[PDB]
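Text of input-v7.cif, listed as mmCIF, C-alpha atoms:
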data_work
#
loop_
_atom_site.label_atom_id
_atom_site.label_comp_id
_atom_site.auth_asym_id
_atom_site.auth_seq_id
_atom_site.Cartn_x
_atom_site.Cartn_y
_atom_site.Cartn_z
CA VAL A 1 149.19 172.00 118.51
CA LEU A 2 149.75 173.14 114.95
CA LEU A 3 153.13 171.31 114.63
CA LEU A 4 153.85 167.64 115.35
CA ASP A 5 157.24 165.96 114.82
CA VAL A 6 156.40 162.66 113.08
CA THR A 7 157.97 159.90 111.02
CA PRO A 8 156.73 161.00 107.55
CA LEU A 9 156.42 157.54 105.98
CA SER A 10 155.70 153.98 107.22
CA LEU A 11 158.74 151.96 108.39
CA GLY A 12 158.88 148.17 108.27
CA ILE A 13 160.68 145.12 106.94
CA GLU A 14 160.63 142.90 103.86
CA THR A 15 158.74 139.62 104.37
CA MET A 16 158.46 136.47 102.19
CA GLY A 17 157.56 137.16 98.56
CA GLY A 18 158.61 140.80 98.39
CA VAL A 19 156.01 142.33 100.72
CA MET A 20 156.57 145.33 103.08
CA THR A 21 155.23 144.58 106.53
CA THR A 22 154.86 147.84 108.53
CA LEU A 23 156.04 148.20 112.18
CA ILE A 24 155.52 151.98 112.47
CA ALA A 25 152.76 153.73 110.49
CA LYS A 26 153.29 156.99 108.59
CA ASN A 27 152.75 160.19 110.63
CA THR A 28 153.35 158.50 113.99
CA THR A 29 154.65 161.00 116.57
CA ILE A 30 158.17 160.57 117.77
CA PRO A 31 159.59 159.19 119.94
CA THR A 32 157.92 155.86 119.38
CA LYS A 33 158.59 152.09 119.61
CA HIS A 34 156.80 149.06 118.28
CA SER A 35 157.57 145.31 118.16
CA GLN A 36 156.17 142.41 116.08
CA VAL A 37 157.09 138.72 116.06
CA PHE A 38 158.11 137.15 112.76
CA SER A 39 159.15 133.62 111.82
CA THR A 40 161.10 131.70 109.16
CA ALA A 41 159.99 131.23 105.54
CA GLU A 42 161.29 127.66 105.06
CA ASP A 43 161.77 124.48 107.11
CA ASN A 44 165.10 124.43 108.98
CA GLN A 45 166.02 127.99 107.92
CA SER A 46 169.10 128.90 109.95
CA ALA A 47 169.15 132.67 109.46
CA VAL A 48 166.92 135.55 108.47
CA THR A 49 167.66 138.82 106.79
CA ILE A 50 166.02 141.92 108.29
CA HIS A 51 165.71 144.41 105.38
CA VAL A 52 164.48 147.72 106.75
CA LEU A 53 162.25 149.78 104.43
CA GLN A 54 160.58 153.20 104.41
CA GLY A 55 157.38 153.86 102.34
CA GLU A 56 153.77 153.14 101.67
CA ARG A 57 153.86 150.52 98.91
CA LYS A 58 152.90 146.89 99.58
CA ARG A 59 155.65 145.79 97.12
CA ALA A 60 158.94 145.94 99.11
CA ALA A 61 160.87 146.72 95.92
CA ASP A 62 159.08 150.06 95.54
CA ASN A 63 159.98 151.31 99.01
CA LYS A 64 163.21 152.86 100.13
CA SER A 65 165.80 150.55 101.62
CA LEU A 66 167.28 151.93 104.90
CA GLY A 67 169.59 149.08 105.81
CA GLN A 68 169.78 145.34 106.38
CA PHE A 69 171.33 142.87 108.72
CA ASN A 70 171.26 139.19 109.33
CA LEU A 71 170.42 137.13 112.38
CA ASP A 72 171.77 133.62 112.40
CA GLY A 73 171.87 130.57 114.67
CA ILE A 74 168.17 129.80 114.36
CA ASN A 75 167.82 126.17 115.38
CA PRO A 76 166.17 123.57 113.11
CA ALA A 77 162.33 123.77 113.14
CA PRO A 78 159.36 123.61 110.77
CA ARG A 79 158.86 126.91 108.97
CA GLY A 80 156.67 129.34 110.96
CA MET A 81 157.63 127.98 114.34
CA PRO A 82 160.66 130.11 115.37
CA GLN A 83 159.77 133.45 117.11
CA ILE A 84 161.94 136.29 115.88
CA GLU A 85 160.93 139.49 117.66
CA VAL A 86 161.72 142.61 115.65
CA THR A 87 161.62 145.98 117.41
CA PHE A 88 161.79 149.47 115.81
CA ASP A 89 162.48 152.33 118.26
CA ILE A 90 162.85 155.88 116.96
CA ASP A 91 164.29 158.17 119.50
CA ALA A 92 163.75 161.86 120.10
CA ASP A 93 166.70 162.61 117.73
CA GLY A 94 164.97 160.65 114.88
CA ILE A 95 167.60 157.86 115.09
CA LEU A 96 166.03 154.50 114.28
CA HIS A 97 167.19 151.45 116.21
CA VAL A 98 166.17 148.11 114.80
CA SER A 99 166.80 144.83 116.61
CA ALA A 100 165.88 141.24 116.01
CA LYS A 101 165.89 138.56 118.72
CA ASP A 102 165.26 134.82 118.43
CA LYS A 103 163.37 133.73 121.53
CA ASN A 104 164.58 130.12 121.46
CA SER A 105 168.28 130.69 120.75
CA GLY A 106 168.54 134.05 122.66
CA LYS A 107 170.62 135.51 119.85
CA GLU A 108 170.11 139.07 118.83
CA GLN A 109 171.46 141.53 116.26
CA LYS A 110 170.76 145.20 115.77
CA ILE A 111 171.47 148.20 113.52
CA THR A 112 171.26 151.94 114.04
CA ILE A 113 169.96 154.09 111.12
CA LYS A 114 170.69 157.77 111.29
CA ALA A 115 167.90 160.38 111.13
CA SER A 116 168.89 161.81 107.73
CA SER A 117 168.39 158.36 106.08
CA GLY A 118 165.61 157.54 103.61
CA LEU A 119 163.51 159.75 101.38
CA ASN A 120 163.66 163.56 101.29
CA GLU A 121 160.63 165.89 101.41
CA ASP A 122 159.94 165.84 97.67
CA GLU A 123 160.34 162.04 97.47
CA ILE A 124 158.01 161.69 100.50
CA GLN A 125 155.12 163.48 98.66
CA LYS A 126 155.76 161.43 95.48
CA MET A 127 155.65 158.25 97.58
CA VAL A 128 152.29 159.05 99.17
CA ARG A 129 150.77 159.84 95.72
CA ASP A 130 152.44 156.71 94.21
CA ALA A 131 150.82 154.50 96.87
CA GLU A 132 147.40 156.21 96.37
CA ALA A 133 147.63 155.57 92.58
CA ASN A 134 148.68 151.93 93.15
CA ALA A 135 146.36 150.98 96.02
CA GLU A 136 144.26 148.52 94.03
CA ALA A 137 147.25 147.00 92.23
CA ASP A 138 148.97 146.54 95.61
CA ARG A 139 145.81 144.71 96.90
CA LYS A 140 146.14 142.31 93.94
CA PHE A 141 149.81 141.90 94.60
CA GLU A 142 149.24 140.77 98.18
CA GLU A 143 146.81 138.17 96.88
CA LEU A 144 149.36 137.00 94.35
CA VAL A 145 151.97 136.72 97.08
CA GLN A 146 149.87 134.46 99.32
CA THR A 147 149.62 132.05 96.39
CA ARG A 148 153.31 132.44 95.45
CA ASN A 149 154.28 131.63 99.00
CA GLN A 150 152.18 128.45 99.01
CA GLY A 151 153.84 127.61 95.68
CA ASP A 152 157.30 128.20 97.14
CA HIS A 153 156.51 126.04 100.21
CA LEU A 154 155.28 123.10 98.11
CA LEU A 155 158.37 123.26 95.89
CA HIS A 156 160.63 123.06 98.98
CA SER A 157 158.71 120.32 100.80
CA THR A 158 158.54 118.21 97.64
CA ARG A 159 162.34 118.55 97.00
CA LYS A 160 163.05 117.59 100.66
CA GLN A 161 160.75 114.61 100.24
CA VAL A 162 162.43 113.49 96.98
CA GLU A 163 165.89 113.69 98.64
CA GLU A 164 164.64 111.67 101.66
CA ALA A 165 162.90 109.21 99.31
CA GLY A 166 166.09 108.56 97.24
CA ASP A 167 165.97 105.23 95.37
CA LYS A 168 162.71 104.18 97.15
CA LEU A 169 161.10 106.64 94.65
CA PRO A 170 160.51 104.95 91.22
CA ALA A 171 162.44 106.39 88.26
CA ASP A 172 159.31 107.23 86.25
CA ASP A 173 157.94 109.20 89.26
CA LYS A 174 161.16 111.17 89.90
CA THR A 175 161.26 112.25 86.17
CA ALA A 176 157.60 113.38 86.28
CA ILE A 177 158.17 115.12 89.68
CA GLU A 178 161.27 116.87 88.35
CA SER A 179 159.44 118.24 85.30
CA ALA A 180 156.52 119.41 87.46
CA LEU A 181 158.87 121.16 89.92
CA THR A 182 160.55 123.09 87.09
CA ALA A 183 157.09 124.05 85.74
CA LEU A 184 155.96 125.31 89.19
CA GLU A 185 159.22 127.28 89.44
CA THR A 186 158.54 129.01 86.12
CA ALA A 187 154.91 129.90 87.02
CA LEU A 188 155.97 131.40 90.40
CA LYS A 189 157.83 134.18 88.55
CA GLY A 190 154.66 135.41 86.78
CA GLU A 191 151.80 137.40 88.30
CA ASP A 192 149.09 134.84 87.41
CA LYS A 193 147.49 133.23 90.54
CA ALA A 194 145.55 130.57 88.66
CA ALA A 195 148.72 129.57 86.71
CA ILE A 196 150.56 128.97 89.98
CA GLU A 197 147.71 126.99 91.51
CA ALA A 198 147.53 125.02 88.24
CA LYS A 199 151.21 123.90 88.45
CA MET A 200 150.82 123.12 92.12
CA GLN A 201 148.09 120.70 91.03
CA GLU A 202 150.18 119.17 88.23
CA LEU A 203 152.94 118.54 90.81
CA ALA A 204 150.49 116.87 93.25
CA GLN A 205 149.15 114.59 90.48
CA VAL A 206 152.61 113.04 89.92
CA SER A 207 153.40 112.95 93.66
CA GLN A 208 151.10 110.19 95.00
CA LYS A 209 153.81 107.47 95.25
CA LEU A 210 156.11 110.04 96.85
CA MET A 211 153.47 111.07 99.44
CA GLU A 212 153.00 107.36 100.24
CA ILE A 213 156.79 106.88 100.73
CA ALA A 214 157.25 110.03 102.85
CA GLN A 215 154.25 108.84 104.96
CA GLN A 216 155.55 105.38 106.10
CA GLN A 217 157.68 104.62 109.20
CA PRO B 1 149.99 133.83 112.11
CA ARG B 2 153.48 135.46 112.02
CA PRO B 3 154.87 136.89 108.70
CA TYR B 4 157.96 135.12 107.42
CA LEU B 5 161.47 136.43 106.83
CA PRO B 6 163.72 135.49 103.89
CA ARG B 7 167.17 133.91 104.37
CA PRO B 8 170.50 135.79 103.69
CA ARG B 9 171.54 135.60 100.00
CA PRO B 10 174.17 132.88 99.39
CA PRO B 11 177.17 133.30 97.03
CA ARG B 12 176.19 133.99 93.34
CA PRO B 13 175.69 130.84 91.13
#
How would this structure read if it were set down as structure tokens?
Amino acid sequence: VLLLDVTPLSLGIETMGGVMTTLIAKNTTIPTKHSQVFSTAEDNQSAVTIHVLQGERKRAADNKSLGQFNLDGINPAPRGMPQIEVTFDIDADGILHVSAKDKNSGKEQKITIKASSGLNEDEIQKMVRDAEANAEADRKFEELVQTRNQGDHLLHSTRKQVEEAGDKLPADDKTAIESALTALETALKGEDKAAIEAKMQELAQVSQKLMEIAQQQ
Amino acid sequence: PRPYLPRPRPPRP
């Protein structure tokens, strides 16, 4: 054949730290369907937002938003443990159906995105060239995000542990922990991997008595 | 293994 009807750009969803995760690759023939299992970003997260994106960039913010919906009622669990199956199905009319289902709770939500949605022909070409020009930067970004996400997880577990510790935690330690949490927060907004890892360390150094407390029966 | 999803945005602070 000299003509194939295809989805012109990659389609996927936003995942923790502003990353596009692709479910259907650019230039896939239609009709087509693919599924991938995702999980929660934080301990005891009760809901997830499925932000649907079209484009080739690894930074979610530089792709085209097609829609979003939420799925709630996720039962309490450690982050990473719930199984949220997300399915993209593009039919022969180019209509995109996106669903998310939590395997433990059985709850599901879906949206339908009409075929005219997303980028036009001129924006499609610009997008492909944009991603080609930014391929190395986007590699660096994904590295930065793995470190940001560790940073983010430590900040949350530490805050949870301070709450649970309450007045068992000495006043000098809480002050030092508070400062170090704020510092980690600030670093996480920059693009410097070493700076994040550095504040993670500074937080750990003031956290020994806390770790001891969290650890006992 | 699985990639992680963000939570819905709460009301503005």
Just the residues within 12 Å of residue 7 of chain B, please, counting only C-alpha atoms, with nothing from its chain fewer than 5 positions along; format it as a list in words.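 What passes the distance filter is residues 14, 15, 16, 17, 39, 40, 41, 42, 43, 44, 45, 46, 47, 48, 49, 50, 51, 68, 69, 70, 71, 72, 73, 74 and 79 of chain A.
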Could you list, as a JSON list (two decimals) with C-alpha atoms, in the coordinates of the input, every residue within 10 Å of residue 2 of chain B, counting only C-alpha atoms and ignoring same-chain residues fewer than 2 positions away?
[["chain", "number", "residue", "atom", "x", "y", "z"],
["A", 36, "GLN", "CA", 156.17, 142.41, 116.08],
["A", 37, "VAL", "CA", 157.09, 138.72, 116.06],
["A", 38, "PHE", "CA", 158.11, 137.15, 112.76],
["A", 39, "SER", "CA", 159.15, 133.62, 111.82],
["A", 40, "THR", "CA", 161.10, 131.70, 109.16],
["A", 80, "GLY", "CA", 156.67, 129.34, 110.96],
["A", 81, "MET", "CA", 157.63, 127.98, 114.34],
["A", 82, "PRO", "CA", 160.66, 130.11, 115.37],
["A", 83, "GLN", "CA", 159.77, 133.45, 117.11],
["A", 84, "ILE", "CA", 161.94, 136.29, 115.88],
["B", 4, "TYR", "CA", 157.96, 135.12, 107.42],
["B", 5, "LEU", "CA", 161.47, 136.43, 106.83]]
**Report entry** Answer as an MDAnalysis selection string, residues within 8 Å of (159.7, 112.5, 102.9) using only C-alpha atoms
**Finding:** chainID A and resid 158 160:165 210:211 213:215
Please, could you write that set of residues out with C-alpha atoms as a CSV table (one decimal), keeping the file's coordinate frame?
chain,number,residue,atom,x,y,z
A,158,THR,CA,158.5,118.2,97.6
A,160,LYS,CA,163.0,117.6,100.7
A,161,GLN,CA,160.8,114.6,100.2
A,162,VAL,CA,162.4,113.5,97.0
A,163,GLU,CA,165.9,113.7,98.6
A,164,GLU,CA,164.6,111.7,101.7
A,165,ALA,CA,162.9,109.2,99.3
A,210,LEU,CA,156.1,110.0,96.8
A,211,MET,CA,153.5,111.1,99.4
A,213,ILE,CA,156.8,106.9,100.7
A,214,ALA,CA,157.2,110.0,102.8
A,215,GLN,CA,154.2,108.8,105.0
Computed gap from atom CA of residue 6 of chain B to atom CA of residue 62 of chain A is 17.4 Å
| said: Considering only C-alpha atoms, can you say which of A:149, A:75, A:186, A:54 comes closest to chain B? | reply: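 Of the candidates, the smallest distance to chain B is held by A:149.
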First collect every listed atom of segment 2-8 of chain B; then fit an axis-aligned box around them, widen it by 5 Å on each side, and give centre and edge lengths in Å to one decimal, as JSON.
{"center_x": 162.0, "center_y": 135.4, "center_z": 107.9, "size_x": 27.0, "size_y": 13.0, "size_z": 18.3}
Please enumerate the residues selected by the PyMOL selection byres ((chain A and resi 182) around 12) when evaluated against the supplied file, formatted as a CSV table (one decimal) with C-alpha atoms, in the frame of the given file.
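The resulting file, result09.csv, is shown below:
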chain,number,residue,atom,x,y,z
A,151,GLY,CA,153.8,127.6,95.7
A,152,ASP,CA,157.3,128.2,97.1
A,155,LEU,CA,158.4,123.3,95.9
A,156,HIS,CA,160.6,123.1,99.0
A,158,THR,CA,158.5,118.2,97.6
A,159,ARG,CA,162.3,118.6,97.0
A,175,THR,CA,161.3,112.2,86.2
A,176,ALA,CA,157.6,113.4,86.3
A,177,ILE,CA,158.2,115.1,89.7
A,178,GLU,CA,161.3,116.9,88.4
A,179,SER,CA,159.4,118.2,85.3
A,180,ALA,CA,156.5,119.4,87.5
A,181,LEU,CA,158.9,121.2,89.9
A,183,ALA,CA,157.1,124.0,85.7
A,184,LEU,CA,156.0,125.3,89.2
A,185,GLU,CA,159.2,127.3,89.4
A,186,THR,CA,158.5,129.0,86.1
A,187,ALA,CA,154.9,129.9,87.0
A,188,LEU,CA,156.0,131.4,90.4
A,189,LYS,CA,157.8,134.2,88.6
A,196,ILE,CA,150.6,129.0,90.0
A,199,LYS,CA,151.2,123.9,88.4
A,200,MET,CA,150.8,123.1,92.1
A,202,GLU,CA,150.2,119.2,88.2
A,203,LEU,CA,152.9,118.5,90.8
- So what does the PyMOL selection byres ((chain A and resi 19) around 10) actually pick up in this one, as a PyMOL selection string? (chain A and resi 12-18+20-22+57-63+138+141-142+145) or (chain B and resi 3)
Taken to one decimal, the atom CA of residue 120 of chain A-atom CA of residue 98 of chain A distance is 20.7 Å
What does the PyMOL selection byres ((chain A and resi 24) around 8) select in this file, as JSON, numbers by chain? {"A": [10, 11, 12, 22, 23, 25, 26, 28, 33, 34, 88]}
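The two atoms in question, atom CA of residue 147 of chain A and atom CA of residue 195 of chain A, are spaced 10.0 Å apart.
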Between A:9, A:66, A:1, A:86, smallest distance to chain B by all atoms listed in the file belongs to A:86
Using only C-alpha atoms, the shortest atom-to-atom distance to chain B among A:168, A:153, A:193, A:209 belongs to A:153
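Minimum atom-to-atom distance to chain B, evaluated using only C-alpha atoms, belongs to A:52 out of A:206, A:127, A:169, A:52.
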Exercise. Of the residues A:171, A:154, A:100, A:30, which is the one nearest to chain B, using all atoms listed in the file?
Worked result: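 Closest residue, counting all atoms listed in the file: A:100.
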Residue 65 of chain A proximity check over A:204, A:144, A:6, A:119, using all atoms listed in the file: winner is A:119
Taking N, CA and C atoms as the atom set, what does segment 28-44 of chain A look like once completed, written as a short mmCIF file (atom, residue, chain, number, x, y, z; two decimals), keeping the file's coordinate frame?
data_model
loop_
_atom_site.label_atom_id
_atom_site.label_comp_id
_atom_site.auth_asym_id
_atom_site.auth_seq_id
_atom_site.Cartn_x
_atom_site.Cartn_y
_atom_site.Cartn_z
N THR A 28 153.36 158.83 112.54
CA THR A 28 153.35 158.50 113.99
C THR A 28 154.27 159.54 114.68
N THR A 29 153.82 160.06 115.83
CA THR A 29 154.65 161.00 116.57
C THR A 29 155.88 160.34 117.15
N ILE A 30 156.97 161.07 117.14
CA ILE A 30 158.17 160.57 117.77
C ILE A 30 158.33 161.23 119.13
N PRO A 31 159.02 160.53 120.04
CA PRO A 31 159.59 159.19 119.94
C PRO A 31 158.53 158.10 120.01
N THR A 32 158.88 156.96 119.46
CA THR A 32 157.92 155.86 119.38
C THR A 32 158.65 154.51 119.28
N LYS A 33 158.00 153.42 119.69
CA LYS A 33 158.59 152.09 119.61
C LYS A 33 157.46 151.13 119.30
N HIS A 34 157.74 150.16 118.47
CA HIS A 34 156.80 149.06 118.28
C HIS A 34 157.55 147.76 117.99
N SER A 35 156.99 146.64 118.42
CA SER A 35 157.57 145.31 118.16
C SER A 35 156.55 144.38 117.50
N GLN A 36 157.03 143.43 116.71
CA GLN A 36 156.17 142.41 116.08
C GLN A 36 157.01 141.14 115.97
N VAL A 37 156.40 139.99 116.14
CA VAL A 37 157.09 138.72 116.06
C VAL A 37 156.93 138.17 114.65
N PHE A 38 158.06 137.76 114.09
CA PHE A 38 158.11 137.15 112.76
C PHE A 38 158.67 135.73 112.86
N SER A 39 158.63 134.99 111.77
CA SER A 39 159.15 133.62 111.82
C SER A 39 159.90 133.36 110.52
N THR A 40 160.34 132.11 110.35
CA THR A 40 161.10 131.70 109.16
C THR A 40 160.18 131.32 108.01
N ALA A 41 160.70 131.56 106.80
CA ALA A 41 159.99 131.23 105.54
C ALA A 41 160.00 129.77 105.14
N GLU A 42 161.08 129.05 105.50
CA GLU A 42 161.29 127.66 105.06
C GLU A 42 161.68 126.76 106.21
N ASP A 43 161.34 125.48 106.09
CA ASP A 43 161.77 124.48 107.11
C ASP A 43 163.26 124.50 107.32
N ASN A 44 163.67 124.49 108.59
CA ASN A 44 165.10 124.43 108.98
C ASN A 44 165.97 125.62 108.61
#
